[PDB]
$ cat entry_10.pdb   # PDB, C-alpha atoms and all ligand atoms
ATOM      1  CA  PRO I   1      -9.530   7.705   4.872  1.00  0.00           C
ATOM      2  CA  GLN I   2      -6.415   5.700   5.688  1.00  0.00           C
ATOM      3  CA  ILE I   3      -4.881   3.436   3.052  1.00  0.00           C
ATOM      4  CA  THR I   4      -2.390   0.823   4.249  1.00  0.00           C
ATOM      5  CA  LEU I   5       0.412  -0.301   1.982  1.00  0.00           C
ATOM      6  CA  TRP I   6       0.019  -4.066   2.399  1.00  0.00           C
ATOM      7  CA  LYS I   7      -1.215  -3.903  -1.183  1.00  0.00           C
ATOM      8  CA  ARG I   8      -0.940  -1.429  -4.033  1.00  0.00           C
ATOM      9  CA  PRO I   9      -2.806   1.777  -3.060  1.00  0.00           C
ATOM     10  CA  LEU I  10      -5.212   1.551  -6.013  1.00  0.00           C
ATOM     11  CA  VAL I  11      -8.273   3.773  -5.954  1.00  0.00           C
ATOM     12  CA  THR I  12     -11.085   4.685  -8.301  1.00  0.00           C
ATOM     13  CA  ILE I  13     -10.670   7.913 -10.248  1.00  0.00           C
ATOM     14  CA  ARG I  14     -12.969   9.646 -12.727  1.00  0.00           C
ATOM     15  CA  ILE I  15     -11.657  11.382 -15.839  1.00  0.00           C
ATOM     16  CA  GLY I  16     -14.743  12.112 -17.985  1.00  0.00           C
ATOM     17  CA  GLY I  17     -16.779   9.059 -18.920  1.00  0.00           C
ATOM     18  CA  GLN I  18     -13.959   6.881 -17.720  1.00  0.00           C
ATOM     19  CA  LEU I  19     -13.715   5.464 -14.261  1.00  0.00           C
ATOM     20  CA  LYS I  20     -10.279   3.884 -13.925  1.00  0.00           C
ATOM     21  CA  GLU I  21      -8.197   2.401 -11.130  1.00  0.00           C
ATOM     22  CA  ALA I  22      -5.086   4.415 -10.252  1.00  0.00           C
ATOM     23  CA  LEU I  23      -2.147   4.244  -7.880  1.00  0.00           C
ATOM     24  CA  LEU I  24      -1.868   6.944  -5.187  1.00  0.00           C
ATOM     25  CA  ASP I  25       1.846   7.449  -5.828  1.00  0.00           C
ATOM     26  CA  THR I  26       4.064   9.595  -3.582  1.00  0.00           C
ATOM     27  CA  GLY I  27       7.048   8.653  -5.770  1.00  0.00           C
ATOM     28  CA  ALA I  28       5.510  10.390  -8.813  1.00  0.00           C
ATOM     29  CA  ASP I  29       5.957  14.153  -9.267  1.00  0.00           C
ATOM     30  CA  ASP I  30       3.128  14.269 -11.767  1.00  0.00           C
ATOM     31  CA  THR I  31       0.031  12.339 -12.801  1.00  0.00           C
ATOM     32  CA  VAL I  32       0.458   9.773 -15.603  1.00  0.00           C
ATOM     33  CA  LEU I  33      -2.532   8.098 -17.212  1.00  0.00           C
ATOM     34  CA  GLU I  34      -2.808   5.146 -19.572  1.00  0.00           C
ATOM     35  CA  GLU I  35      -3.448   5.954 -23.226  1.00  0.00           C
ATOM     36  CA  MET I  36      -6.811   7.685 -23.700  1.00  0.00           C
ATOM     37  CA  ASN I  37      -7.998  10.103 -26.377  1.00  0.00           C
ATOM     38  CA  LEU I  38      -8.673  13.212 -24.290  1.00  0.00           C
ATOM     39  CA  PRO I  39     -10.053  16.359 -25.947  1.00  0.00           C
ATOM     40  CA  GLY I  40      -8.095  19.603 -26.115  1.00  0.00           C
ATOM     41  CA  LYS I  41      -4.624  21.024 -26.586  1.00  0.00           C
ATOM     42  CA  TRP I  42      -1.562  19.129 -25.410  1.00  0.00           C
ATOM     43  CA  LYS I  43       2.242  19.406 -25.356  1.00  0.00           C
ATOM     44  CA  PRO I  44       4.736  16.585 -26.008  1.00  0.00           C
ATOM     45  CA  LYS I  45       6.893  15.434 -23.103  1.00  0.00           C
ATOM     46  CA  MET I  46       9.124  12.542 -22.061  1.00  0.00           C
ATOM     47  CA  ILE I  47       9.016  11.118 -18.543  1.00  0.00           C
ATOM     48  CA  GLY I  48      11.553   8.739 -17.086  1.00  0.00           C
ATOM     49  CA  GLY I  49      11.869   6.152 -14.379  1.00  0.00           C
ATOM     50  CA  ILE I  50      13.057   2.606 -13.929  1.00  0.00           C
ATOM     51  CA  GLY I  51      13.740   1.200 -17.417  1.00  0.00           C
ATOM     52  CA  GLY I  52      14.082   4.604 -19.118  1.00  0.00           C
ATOM     53  CA  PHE I  53      11.759   7.150 -20.696  1.00  0.00           C
ATOM     54  CA  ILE I  54       8.370   7.062 -22.399  1.00  0.00           C
ATOM     55  CA  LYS I  55       6.686   9.623 -24.645  1.00  0.00           C
ATOM     56  CA  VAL I  56       3.554  11.275 -23.228  1.00  0.00           C
ATOM     57  CA  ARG I  57       1.034  13.985 -24.076  1.00  0.00           C
ATOM     58  CA  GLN I  58       0.600  16.700 -21.454  1.00  0.00           C
ATOM     59  CA  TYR I  59      -2.872  18.177 -20.912  1.00  0.00           C
ATOM     60  CA  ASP I  60      -3.487  21.102 -18.529  1.00  0.00           C
ATOM     61  CA  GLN I  61      -6.406  21.878 -16.199  1.00  0.00           C
ATOM     62  CA  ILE I  62      -8.072  18.475 -16.479  1.00  0.00           C
ATOM     63  CA  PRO I  63     -10.709  17.769 -13.817  1.00  0.00           C
ATOM     64  CA  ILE I  64     -10.232  14.398 -12.126  1.00  0.00           C
ATOM     65  CA  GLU I  65     -12.207  12.972  -9.193  1.00  0.00           C
ATOM     66  CA  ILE I  66     -10.098  10.783  -6.868  1.00  0.00           C
ATOM     67  CA  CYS I  67     -12.064   8.773  -4.264  1.00  0.00           C
ATOM     68  CA  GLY I  68     -14.838  11.387  -4.347  1.00  0.00           C
ATOM     69  CA  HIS I  69     -12.362  14.246  -3.857  1.00  0.00           C
ATOM     70  CA  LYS I  70     -12.249  16.835  -6.647  1.00  0.00           C
ATOM     71  CA  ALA I  71      -8.955  17.781  -8.268  1.00  0.00           C
ATOM     72  CA  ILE I  72      -7.953  19.758 -11.321  1.00  0.00           C
ATOM     73  CA  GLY I  73      -4.522  19.946 -12.882  1.00  0.00           C
ATOM     74  CA  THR I  74      -1.961  18.692 -15.343  1.00  0.00           C
ATOM     75  CA  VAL I  75      -2.086  15.073 -16.498  1.00  0.00           C
ATOM     76  CA  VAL I  76       0.190  13.294 -18.962  1.00  0.00           C
ATOM     77  CA  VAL I  77      -1.080  10.499 -21.164  1.00  0.00           C
ATOM     78  CA  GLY I  78       0.900   7.683 -22.733  1.00  0.00           C
ATOM     79  CA  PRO I  79       1.918   4.000 -22.735  1.00  0.00           C
ATOM     80  CA  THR I  80       2.273   3.557 -18.983  1.00  0.00           C
ATOM     81  CA  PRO I  81       1.378   0.100 -17.566  1.00  0.00           C
ATOM     82  CA  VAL I  82      -0.586   1.689 -14.705  1.00  0.00           C
ATOM     83  CA  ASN I  83      -2.526   4.876 -13.992  1.00  0.00           C
ATOM     84  CA  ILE I  84      -0.476   7.023 -11.579  1.00  0.00           C
ATOM     85  CA  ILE I  85      -1.858   9.819  -9.385  1.00  0.00           C
ATOM     86  CA  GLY I  86       1.226  11.936  -8.654  1.00  0.00           C
ATOM     87  CA  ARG I  87       1.967  14.605  -6.063  1.00  0.00           C
ATOM     88  CA  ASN I  88       0.499  17.413  -8.197  1.00  0.00           C
ATOM     89  CA  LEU I  89      -3.005  16.028  -7.448  1.00  0.00           C
ATOM     90  CA  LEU I  90      -2.306  14.195  -4.152  1.00  0.00           C
ATOM     91  CA  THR I  91      -1.728  17.579  -2.498  1.00  0.00           C
ATOM     92  CA  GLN I  92      -5.064  18.824  -3.853  1.00  0.00           C
ATOM     93  CA  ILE I  93      -6.979  16.013  -2.125  1.00  0.00           C
ATOM     94  CA  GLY I  94      -5.066  16.549   1.140  1.00  0.00           C
ATOM     95  CA  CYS I  95      -3.018  13.342   1.026  1.00  0.00           C
ATOM     96  CA  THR I  96      -0.119  12.813   3.452  1.00  0.00           C
ATOM     97  CA  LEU I  97       2.263  10.005   4.408  1.00  0.00           C
ATOM     98  CA  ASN I  98       2.162   9.095   8.109  1.00  0.00           C
ATOM     99  CA  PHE I  99       4.255   6.804  10.323  1.00  0.00           C
TER     100      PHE I  99
ATOM    101  CA  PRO N   1       5.918  12.050  11.359  1.00  0.00           C
ATOM    102  CA  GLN N   2       3.287  13.432   8.992  1.00  0.00           C
ATOM    103  CA  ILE N   3       4.733  14.225   5.550  1.00  0.00           C
ATOM    104  CA  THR N   4       2.950  16.487   3.070  1.00  0.00           C
ATOM    105  CA  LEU N   5       3.532  16.131  -0.675  1.00  0.00           C
ATOM    106  CA  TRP N   6       4.170  19.643  -1.997  1.00  0.00           C
ATOM    107  CA  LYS N   7       7.837  18.530  -2.148  1.00  0.00           C
ATOM    108  CA  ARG N   8       9.316  15.070  -2.867  1.00  0.00           C
ATOM    109  CA  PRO N   9       9.145  12.863   0.277  1.00  0.00           C
ATOM    110  CA  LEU N  10      12.916  12.377   0.497  1.00  0.00           C
ATOM    111  CA  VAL N  11      14.274  11.098   3.827  1.00  0.00           C
ATOM    112  CA  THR N  12      17.655  10.061   5.168  1.00  0.00           C
ATOM    113  CA  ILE N  13      18.206   6.329   5.474  1.00  0.00           C
ATOM    114  CA  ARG N  14      21.014   4.450   7.253  1.00  0.00           C
ATOM    115  CA  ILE N  15      22.237   1.328   5.494  1.00  0.00           C
ATOM    116  CA  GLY N  16      25.602  -0.104   6.614  1.00  0.00           C
ATOM    117  CA  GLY N  17      26.708   2.997   8.491  1.00  0.00           C
ATOM    118  CA  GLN N  18      26.161   4.956   5.297  1.00  0.00           C
ATOM    119  CA  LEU N  19      23.624   7.762   5.170  1.00  0.00           C
ATOM    120  CA  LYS N  20      21.741   8.086   1.884  1.00  0.00           C
ATOM    121  CA  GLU N  21      18.717  10.088   0.744  1.00  0.00           C
ATOM    122  CA  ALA N  22      15.797   7.991  -0.488  1.00  0.00           C
ATOM    123  CA  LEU N  23      12.329   8.622  -1.861  1.00  0.00           C
ATOM    124  CA  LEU N  24       9.302   7.247   0.011  1.00  0.00           C
ATOM    125  CA  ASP N  25       7.455   5.703  -2.913  1.00  0.00           C
ATOM    126  CA  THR N  26       3.992   4.227  -2.425  1.00  0.00           C
ATOM    127  CA  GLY N  27       3.846   3.313  -6.146  1.00  0.00           C
ATOM    128  CA  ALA N  28       6.835   0.977  -5.738  1.00  0.00           C
ATOM    129  CA  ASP N  29       6.275  -2.649  -4.653  1.00  0.00           C
ATOM    130  CA  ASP N  30       9.999  -3.014  -4.055  1.00  0.00           C
ATOM    131  CA  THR N  31      12.847  -1.030  -2.550  1.00  0.00           C
ATOM    132  CA  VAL N  32      15.379  -0.123  -5.257  1.00  0.00           C
ATOM    133  CA  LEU N  33      18.743   1.500  -4.517  1.00  0.00           C
ATOM    134  CA  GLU N  34      21.383   3.005  -6.787  1.00  0.00           C
ATOM    135  CA  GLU N  35      24.600   1.101  -7.397  1.00  0.00           C
ATOM    136  CA  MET N  36      26.286   0.400  -4.074  1.00  0.00           C
ATOM    137  CA  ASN N  37      28.128  -2.389  -2.301  1.00  0.00           C
ATOM    138  CA  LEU N  38      26.304  -4.544   0.230  1.00  0.00           C
ATOM    139  CA  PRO N  39      27.646  -7.613   2.049  1.00  0.00           C
ATOM    140  CA  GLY N  40      26.462 -11.210   1.613  1.00  0.00           C
ATOM    141  CA  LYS N  41      24.823 -13.344  -1.061  1.00  0.00           C
ATOM    142  CA  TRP N  42      22.681 -11.774  -3.761  1.00  0.00           C
ATOM    143  CA  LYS N  43      20.509 -13.128  -6.580  1.00  0.00           C
ATOM    144  CA  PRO N  44      20.234 -11.698 -10.086  1.00  0.00           C
ATOM    145  CA  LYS N  45      16.689 -10.512 -10.777  1.00  0.00           C
ATOM    146  CA  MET N  46      14.749  -8.273 -13.148  1.00  0.00           C
ATOM    147  CA  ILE N  47      12.188  -5.598 -12.337  1.00  0.00           C
ATOM    148  CA  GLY N  48       9.945  -3.459 -14.500  1.00  0.00           C
ATOM    149  CA  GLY N  49       9.209   0.249 -14.168  1.00  0.00           C
ATOM    150  CA  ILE N  50       7.535   2.910 -16.268  1.00  0.00           C
ATOM    151  CA  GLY N  51      10.226   2.746 -18.981  1.00  0.00           C
ATOM    152  CA  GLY N  52      10.820  -1.009 -19.231  1.00  0.00           C
ATOM    153  CA  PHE N  53      12.848  -3.646 -17.427  1.00  0.00           C
ATOM    154  CA  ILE N  54      16.226  -3.482 -15.719  1.00  0.00           C
ATOM    155  CA  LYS N  55      18.580  -6.004 -14.153  1.00  0.00           C
ATOM    156  CA  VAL N  56      19.122  -5.800 -10.393  1.00  0.00           C
ATOM    157  CA  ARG N  57      20.985  -7.592  -7.624  1.00  0.00           C
ATOM    158  CA  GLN N  58      18.592  -8.819  -4.945  1.00  0.00           C
ATOM    159  CA  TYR N  59      19.731  -8.807  -1.311  1.00  0.00           C
ATOM    160  CA  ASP N  60      17.465 -10.343   1.359  1.00  0.00           C
ATOM    161  CA  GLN N  61      17.146  -9.480   5.061  1.00  0.00           C
ATOM    162  CA  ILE N  62      19.002  -6.165   4.889  1.00  0.00           C
ATOM    163  CA  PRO N  63      18.512  -3.784   7.812  1.00  0.00           C
ATOM    164  CA  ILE N  64      17.749  -0.154   6.925  1.00  0.00           C
ATOM    165  CA  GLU N  65      16.776   2.631   9.314  1.00  0.00           C
ATOM    166  CA  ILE N  66      14.370   4.879   7.424  1.00  0.00           C
ATOM    167  CA  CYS N  67      13.832   8.303   8.976  1.00  0.00           C
ATOM    168  CA  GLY N  68      14.530   6.799  12.427  1.00  0.00           C
ATOM    169  CA  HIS N  69      12.359   3.672  11.967  1.00  0.00           C
ATOM    170  CA  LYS N  70      13.876   0.205  11.654  1.00  0.00           C
ATOM    171  CA  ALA N  71      13.173  -2.187   8.792  1.00  0.00           C
ATOM    172  CA  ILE N  72      14.790  -5.479   7.740  1.00  0.00           C
ATOM    173  CA  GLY N  73      13.888  -6.669   4.280  1.00  0.00           C
ATOM    174  CA  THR N  74      14.650  -7.189   0.624  1.00  0.00           C
ATOM    175  CA  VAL N  75      16.603  -4.485  -1.215  1.00  0.00           C
ATOM    176  CA  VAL N  76      17.475  -4.580  -4.918  1.00  0.00           C
ATOM    177  CA  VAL N  77      20.391  -2.630  -6.358  1.00  0.00           C
ATOM    178  CA  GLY N  78      20.389  -1.369  -9.941  1.00  0.00           C
ATOM    179  CA  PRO N  79      19.970   1.551 -12.353  1.00  0.00           C
ATOM    180  CA  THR N  80      17.149   3.520 -10.764  1.00  0.00           C
ATOM    181  CA  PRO N  81      16.797   7.305 -11.212  1.00  0.00           C
ATOM    182  CA  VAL N  82      16.802   7.692  -7.412  1.00  0.00           C
ATOM    183  CA  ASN N  83      16.885   5.500  -4.297  1.00  0.00           C
ATOM    184  CA  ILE N  84      13.295   4.396  -3.642  1.00  0.00           C
ATOM    185  CA  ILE N  85      11.765   2.938  -0.501  1.00  0.00           C
ATOM    186  CA  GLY N  86       8.886   0.740  -1.669  1.00  0.00           C
ATOM    187  CA  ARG N  87       5.935  -0.848   0.096  1.00  0.00           C
ATOM    188  CA  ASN N  88       7.883  -3.892   1.323  1.00  0.00           C
ATOM    189  CA  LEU N  89       9.684  -1.565   3.781  1.00  0.00           C
ATOM    190  CA  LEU N  90       7.054   1.199   4.120  1.00  0.00           C
ATOM    191  CA  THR N  91       4.737  -1.410   5.667  1.00  0.00           C
ATOM    192  CA  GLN N  92       7.446  -2.384   8.170  1.00  0.00           C
ATOM    193  CA  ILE N  93       7.777   1.198   9.432  1.00  0.00           C
ATOM    194  CA  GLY N  94       3.991   1.624   9.781  1.00  0.00           C
ATOM    195  CA  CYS N  95       3.582   4.037   6.875  1.00  0.00           C
ATOM    196  CA  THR N  96       0.069   4.808   5.588  1.00  0.00           C
ATOM    197  CA  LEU N  97      -1.532   7.263   3.180  1.00  0.00           C
ATOM    198  CA  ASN N  98      -4.111   9.562   4.724  1.00  0.00           C
ATOM    199  CA  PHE N  99      -6.523  12.114   3.310  1.00  0.00           C
TER     200      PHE N  99
HETATM  201  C1  LIG I 101      10.746   5.534  -9.958  1.00  0.00           C
HETATM  202  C2  LIG I 101      10.098   6.795  -9.390  1.00  0.00           C
HETATM  203  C3  LIG I 101      11.170   7.803  -8.963  1.00  0.00           C
HETATM  204  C4  LIG I 101       9.115   7.443 -10.367  1.00  0.00           C
HETATM  205  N1  LIG I 101       8.088   6.454 -10.782  1.00  0.00           N
HETATM  206  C5  LIG I 101       6.961   6.318  -9.840  1.00  0.00           C
HETATM  207  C6  LIG I 101       7.070   4.948  -9.173  1.00  0.00           C
HETATM  208  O1  LIG I 101       6.223   4.868  -8.019  1.00  0.00           O
HETATM  209  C7  LIG I 101       6.759   3.790 -10.136  1.00  0.00           C
HETATM  210  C8  LIG I 101       5.280   3.649 -10.490  1.00  0.00           C
HETATM  211  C9  LIG I 101       5.069   2.440 -11.374  1.00  0.00           C
HETATM  212  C10 LIG I 101       4.360   1.355 -10.881  1.00  0.00           C
HETATM  213  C11 LIG I 101       4.157   0.225 -11.667  1.00  0.00           C
HETATM  214  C12 LIG I 101       4.687   0.172 -12.951  1.00  0.00           C
HETATM  215  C13 LIG I 101       5.400   1.256 -13.450  1.00  0.00           C
HETATM  216  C14 LIG I 101       5.600   2.388 -12.661  1.00  0.00           C
HETATM  217  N2  LIG I 101       7.143   2.596  -9.401  1.00  0.00           N
HETATM  218  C15 LIG I 101       8.146   1.794  -9.750  1.00  0.00           C
HETATM  219  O2  LIG I 101       8.919   1.938 -10.686  1.00  0.00           O
HETATM  220  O3  LIG I 101       8.356   0.700  -8.853  1.00  0.00           O
HETATM  221  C16 LIG I 101       9.222  -0.339  -9.277  1.00  0.00           C
HETATM  222  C17 LIG I 101       9.857  -0.779  -7.973  1.00  0.00           C
HETATM  223  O4  LIG I 101       8.851  -1.623  -7.407  1.00  0.00           O
HETATM  224  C18 LIG I 101       8.128  -2.286  -8.440  1.00  0.00           C
HETATM  225  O5  LIG I 101       6.718  -2.246  -8.214  1.00  0.00           O
HETATM  226  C19 LIG I 101       6.072  -1.434  -9.205  1.00  0.00           C
HETATM  227  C20 LIG I 101       7.051  -1.321 -10.361  1.00  0.00           C
HETATM  228  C21 LIG I 101       8.422  -1.545  -9.735  1.00  0.00           C
HETATM  229  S1  LIG I 101       7.620   6.620 -12.332  1.00  0.00           S
HETATM  230  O6  LIG I 101       6.443   5.763 -12.554  1.00  0.00           O
HETATM  231  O7  LIG I 101       8.764   6.156 -13.139  1.00  0.00           O
HETATM  232  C22 LIG I 101       7.224   8.134 -12.696  1.00  0.00           C
HETATM  233  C23 LIG I 101       8.176   9.006 -13.211  1.00  0.00           C
HETATM  234  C24 LIG I 101       7.827  10.319 -13.519  1.00  0.00           C
HETATM  235  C25 LIG I 101       6.524  10.760 -13.314  1.00  0.00           C
HETATM  236  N3  LIG I 101       6.196  12.041 -13.614  1.00  0.00           N
HETATM  237  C26 LIG I 101       5.563   9.895 -12.799  1.00  0.00           C
HETATM  238  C27 LIG I 101       5.919   8.585 -12.491  1.00  0.00           C
END
$ encode --input "entry_10.pdb" --output "structure tokens"
Amino acid sequence: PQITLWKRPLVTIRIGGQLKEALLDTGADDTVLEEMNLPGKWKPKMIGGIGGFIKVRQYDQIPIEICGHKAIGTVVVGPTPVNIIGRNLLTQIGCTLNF
Amino acid sequence: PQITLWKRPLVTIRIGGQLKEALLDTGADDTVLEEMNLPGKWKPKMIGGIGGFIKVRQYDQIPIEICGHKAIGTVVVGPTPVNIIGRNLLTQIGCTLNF
């Protein structure tokens, strides 16, 4: 598909029994999800942007479906205001910027 | 061009005869630049990112050439981790996400 940027590039993703809306975000190195109690091992991390840093939990090898495209990789979980699909998964679903 | 996402989508911009590197950021509504001088009137504003809110100076109708494509729009200047080109200007240069 092609997604214009007139509005926020929000798409439906699936992470377990949770369908959520997430931003396809070329400005994000990694995928950041709103607080959710995922199973499995994690590692503590801090990620920073405008306004400063937040504390997140990093989970590895998490399957996520993005617009019906399968992905699997690292996701961090914490008090973000929006779900963010970062480059680590955007590459997996074959996403490019074009102008 | 077509830009893949295995690396950060950093491009050269021209703003006031000055070349800067900036991040093409589909998750950003607004274009946010690091501390710099720009001519003309500005308005104090606040914007929120992943870590909280910051104060910025808002400049309207500023020309920027982004990777060889002309835009003229709102730029805000403040403490951002990196120069970001947001959707307000990405739309002007005809940028879309494709997968
Ligand atoms: C600032 C970037 C270098 C990095 N950010 C991604 C960015 O797209 C965020 C993504 C984002 C989006 C909404 C809320 C918080 C963060 N956008 C953002 O801060 O945009 C601001 C400028 O325009 C405004 O519109 C949206 C918020 C404002 S980030 O969210 O802080 C971020 C940082 C690190 C990782 N790993 C993942 C994401």
$ residues_near_ligand --input "entry_10.pdb" --ligand "ligand LIG 101 (chain I)" --cutoff "9 Å" --atoms "only C-alpha atoms and all ligand atoms" --output "PyMOL selection string"
(chain I and resi 8+23-32+46-53+76+80-87) or (chain N and resi 23-32+47-52+80-87)
$ closest_residue --input "entry_10.pdb" --among "I:54, I:14, I:88, I:45" --to "residue 68 in chain I" --atoms "only C-alpha atoms"
I:14
$ calpha_fit_and_write --input "entry_10.pdb" --fixed "chain I" --moving "chain N" --output "compact mmCIF listing (two decimals) with C-alpha atoms, keeping the file's coordinate frame"
# COMPACT_ATOMS: atom_id res chain seq x y z
CA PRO N 1 -9.77 7.84 4.32
CA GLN N 2 -6.74 6.14 5.87
CA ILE N 3 -5.11 3.67 3.46
CA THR N 4 -2.70 0.97 4.64
CA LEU N 5 -0.05 -0.44 2.31
CA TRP N 6 -0.26 -4.23 2.63
CA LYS N 7 -2.00 -4.06 -0.78
CA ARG N 8 -1.46 -1.63 -3.69
CA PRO N 9 -3.25 1.70 -3.01
CA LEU N 10 -5.50 1.46 -6.07
CA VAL N 11 -8.56 3.74 -6.12
CA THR N 12 -11.31 4.54 -8.59
CA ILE N 13 -10.96 7.84 -10.40
CA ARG N 14 -13.51 9.69 -12.56
CA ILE N 15 -12.09 11.43 -15.61
CA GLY N 16 -14.57 12.49 -18.33
CA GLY N 17 -17.43 10.35 -17.06
CA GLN N 18 -15.11 7.36 -17.31
CA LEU N 19 -14.23 5.35 -14.23
CA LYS N 20 -10.66 4.03 -14.13
CA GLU N 21 -8.51 2.40 -11.46
CA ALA N 22 -5.34 4.30 -10.58
CA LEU N 23 -2.41 3.86 -8.23
CA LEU N 24 -1.76 6.49 -5.54
CA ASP N 25 1.96 6.96 -6.07
CA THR N 26 3.96 9.18 -3.72
CA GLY N 27 7.15 8.41 -5.70
CA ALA N 28 5.67 10.03 -8.82
CA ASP N 29 6.04 13.80 -9.36
CA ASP N 30 3.50 13.62 -12.16
CA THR N 31 0.19 11.95 -12.90
CA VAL N 32 0.59 9.47 -15.77
CA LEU N 33 -2.34 7.68 -17.42
CA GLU N 34 -2.48 4.84 -19.93
CA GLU N 35 -3.42 5.60 -23.52
CA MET N 36 -6.80 7.30 -23.60
CA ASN N 37 -8.57 10.15 -25.37
CA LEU N 38 -8.94 13.50 -23.64
CA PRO N 39 -10.38 16.71 -25.11
CA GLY N 40 -8.47 19.93 -25.85
CA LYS N 41 -4.92 20.98 -26.66
CA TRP N 42 -1.96 18.88 -25.58
CA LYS N 43 1.82 19.29 -25.73
CA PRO N 44 4.35 16.58 -26.55
CA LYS N 45 6.66 15.96 -23.59
CA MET N 46 9.07 13.36 -22.25
CA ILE N 47 9.28 11.88 -18.76
CA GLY N 48 11.74 9.53 -17.13
CA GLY N 49 11.00 6.56 -14.88
CA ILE N 50 12.95 3.65 -13.45
CA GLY N 51 13.53 2.08 -16.88
CA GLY N 52 14.30 5.16 -19.00
CA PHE N 53 12.36 7.84 -20.84
CA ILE N 54 9.03 7.74 -22.64
CA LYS N 55 7.07 10.16 -24.80
CA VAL N 56 3.79 11.49 -23.41
CA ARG N 57 1.00 13.88 -24.33
CA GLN N 58 0.61 16.60 -21.71
CA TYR N 59 -2.87 17.92 -20.92
CA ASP N 60 -3.24 20.88 -18.53
CA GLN N 61 -6.14 21.78 -16.21
CA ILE N 62 -7.90 18.42 -16.40
CA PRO N 63 -10.47 17.68 -13.69
CA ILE N 64 -10.22 14.26 -12.02
CA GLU N 65 -12.19 13.04 -9.01
CA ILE N 66 -9.88 10.74 -7.08
CA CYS N 67 -11.61 8.50 -4.54
CA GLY N 68 -14.32 11.17 -4.11
CA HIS N 69 -11.93 14.16 -3.89
CA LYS N 70 -11.72 16.77 -6.64
CA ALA N 71 -8.51 17.78 -8.38
CA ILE N 72 -7.83 19.90 -11.49
CA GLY N 73 -4.33 19.64 -12.86
CA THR N 74 -1.81 18.36 -15.36
CA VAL N 75 -2.18 14.80 -16.65
CA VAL N 76 0.20 13.11 -19.08
CA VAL N 77 -0.86 10.18 -21.25
CA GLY N 78 1.61 7.53 -22.39
CA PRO N 79 3.01 4.01 -21.98
CA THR N 80 2.94 3.53 -18.22
CA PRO N 81 2.56 0.08 -16.61
CA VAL N 82 -0.48 1.38 -14.70
CA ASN N 83 -2.41 4.63 -14.22
CA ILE N 84 -0.56 6.61 -11.54
CA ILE N 85 -1.74 9.56 -9.48
CA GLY N 86 1.38 11.57 -8.65
CA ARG N 87 2.12 14.33 -6.16
CA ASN N 88 0.78 17.14 -8.37
CA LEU N 89 -2.75 15.79 -7.70
CA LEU N 90 -2.16 14.04 -4.34
CA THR N 91 -1.37 17.47 -2.87
CA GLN N 92 -4.64 18.85 -4.24
CA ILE N 93 -6.69 16.18 -2.46
CA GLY N 94 -4.87 16.72 0.86
CA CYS N 95 -2.97 13.43 0.82
CA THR N 96 -0.11 12.91 3.31
CA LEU N 97 2.08 10.04 4.46
CA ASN N 98 1.82 9.21 8.14
CA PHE N 99 3.70 6.85 10.43
$ axis_aligned_box --input "entry_10.pdb" --around "range 74-89 of chain I" --padding-each-side "4 Å" --output "AutoDock Vina command-line options"
--center_x -0.4 --center_y 9.4 --center_z -14.4 --size_x 13.3 --size_y 26.6 --size_z 24.7
$ atom_distance --input "entry_10.pdb" --atom1 "CA of residue 22 in chain I" --atom2 "CA of residue 9 in chain I"
8.0 Å
$ atom_distance --input "entry_10.pdb" --atom1 "CA of residue 3 in chain I" --atom2 "CA of residue 96 in chain N"
5.7 Å
$ atom_distance --input "entry_10.pdb" --atom1 "CA of residue 74 in chain N" --atom2 "CA of residue 36 in chain N"
14.7 Å
$ resolve_selection --input "entry_10.pdb" --expression "the PyMOL selection byres (((chain N and resi 97) around 7) and not hetatm)" --output "list in words"
residues 2, 3, 4, 95, 96, 97 and 98 of chain I; 96, 98 and 99 of chain N
$ write_last_selection --input "entry_10.pdb" --atoms "C-alpha atoms" --output "short mmCIF file (atom, residue, chain, number, x, y, z; two decimals), keeping the file's coordinate frame"
data_model
loop_
_atom_site.label_atom_id
_atom_site.label_comp_id
_atom_site.auth_asym_id
_atom_site.auth_seq_id
_atom_site.Cartn_x
_atom_site.Cartn_y
_atom_site.Cartn_z
CA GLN I 2 -6.42 5.70 5.69
CA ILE I 3 -4.88 3.44 3.05
CA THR I 4 -2.39 0.82 4.25
CA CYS I 95 -3.02 13.34 1.03
CA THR I 96 -0.12 12.81 3.45
CA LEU I 97 2.26 10.01 4.41
CA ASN I 98 2.16 9.10 8.11
CA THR N 96 0.07 4.81 5.59
CA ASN N 98 -4.11 9.56 4.72
CA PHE N 99 -6.52 12.11 3.31
#
$ residues_around --input "entry_10.pdb" --residues "range 60-65 of chain I" --least-positions-apart "3" --cutoff "10 Å" --atoms "only C-alpha atoms" --output "ChimeraX atom specification"
/I:12-16,19,38-43,68-76,85,89,93
$ closest_residue --input "entry_10.pdb" --among "N:78, N:18, N:5, N:11" --to "residue 66 in chain N" --atoms "all atoms listed in the file"
N:11
$ closest_residue --input "entry_10.pdb" --among "I:21, I:77, I:90, I:44" --to "chain N" --atoms "only C-alpha atoms"
I:90
$ decode --input "entry_10.pdb" --residues "range 10-14 of chain N" --atoms "N, CA and C atoms" --output "PDB file, in the first residue's frame"
ATOM      1  N   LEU N  10      18.313  10.136   7.360  1.00  0.00           N
ATOM      2  CA  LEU N  10      18.906  11.459   7.483  1.00  0.00           C
ATOM      3  C   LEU N  10      19.181  12.013   6.088  1.00  0.00           C
ATOM      4  N   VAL N  11      18.796  13.264   5.866  1.00  0.00           N
ATOM      5  CA  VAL N  11      19.053  13.963   4.606  1.00  0.00           C
ATOM      6  C   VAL N  11      19.612  15.346   4.889  1.00  0.00           C
ATOM      7  N   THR N  12      20.251  15.935   3.881  1.00  0.00           N
ATOM      8  CA  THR N  12      20.724  17.299   3.986  1.00  0.00           C
ATOM      9  C   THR N  12      19.569  18.228   3.648  1.00  0.00           C
ATOM     10  N   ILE N  13      19.396  19.243   4.484  1.00  0.00           N
ATOM     11  CA  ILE N  13      18.458  20.321   4.227  1.00  0.00           C
ATOM     12  C   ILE N  13      19.230  21.634   4.056  1.00  0.00           C
ATOM     13  N   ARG N  14      18.637  22.561   3.303  1.00  0.00           N
ATOM     14  CA  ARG N  14      19.142  23.929   3.182  1.00  0.00           C
ATOM     15  C   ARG N  14      18.129  24.877   3.796  1.00  0.00           C
TER      16      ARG N  14
END
